[PDB]
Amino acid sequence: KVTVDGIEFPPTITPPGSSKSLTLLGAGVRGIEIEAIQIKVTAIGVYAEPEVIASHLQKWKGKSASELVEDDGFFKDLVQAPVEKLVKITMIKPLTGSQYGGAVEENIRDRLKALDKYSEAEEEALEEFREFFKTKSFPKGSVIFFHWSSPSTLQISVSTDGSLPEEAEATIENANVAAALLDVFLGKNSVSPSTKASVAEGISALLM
């Protein structure tokens, strides 16, 4: 397990609507700082299938956690790897659905605009993202499951109490939004350098 801010991230999770078990790569915290005030917003865990994802990362074999974490190409390879992925979010700071969703939407939208990959299709995908989160509430301990069921298919499920949903609650089909959301966590300018640091540890260990 990796414990973050008192929150357990277990070694394995089965995505909602899925039967396949995914394994923990790493976990960390998303914190914000302004005028020296630090606030922990969420904890983040990243899951995939160990040997399947090791199969796409053999060029990083033998490398240490220190080596991997400072190589941007490493995280790029991980975002791009066409394998099943899951990101679990556990809420630390209480947020409304609109609050949480609006910020991740903005992050994705800004990333796509920077790449000149924000067009009508992506706009509609992010409107669906918005529609989904608008009806939700995120008290402390609530959870979000972002599941990459295909490289271009994002499933979202939530629970207010930390239970594991039985099914994907929303499905968004758009390759650019799906990759951009991964980059929110694993890209340059990640919301969580700690999560990246932990994933580097996990994959370094995994590539023996």
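Position 1 is the first residue in the sequence shown; the rest follow in order.
Do the CA atoms of 132 to 140 or those of 116 to 124 have the higher mean B-factor in the entry? Higher mean C-alpha B-factor in the PDB entry: 132 to 140.
Identify the stretch, either 32 to 40 or 157 to 165, whose C-alpha atoms have the larger mean B-factor according to the entry. 32 to 40 has the higher mean C-alpha B-factor.
Within this chain, which third does the Cα B-factor at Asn107 fall in: lowest, middle or highest? Tercile = middle for this residue's CA B-factor.
Can you tell me whether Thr195 has a C-alpha B-factor in the lowest, middle or highest third compared with the other modelled residues of the same chain? For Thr195, the deposited C-alpha B-factor lands in the lowest third.
Looking at the entry's B-factor column for C-alpha atoms only, identify whether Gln80 ranks in the lowest, middle or highest third of its chain. Its C-alpha B-factor, which the entry lists for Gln80, ranks in the highest third among residues of this chain.
Using the temperature factors of the C-alpha atoms in this entry, rank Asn176 within its chain: lowest, middle or highest third. CA B-factor rank for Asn176: lowest third.
Place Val52 in the lowest, middle or highest third of its chain's C-alpha B-factors, as listed in the PDB entry. Ranked within chain, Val52 CA B lands in the highest tercile.
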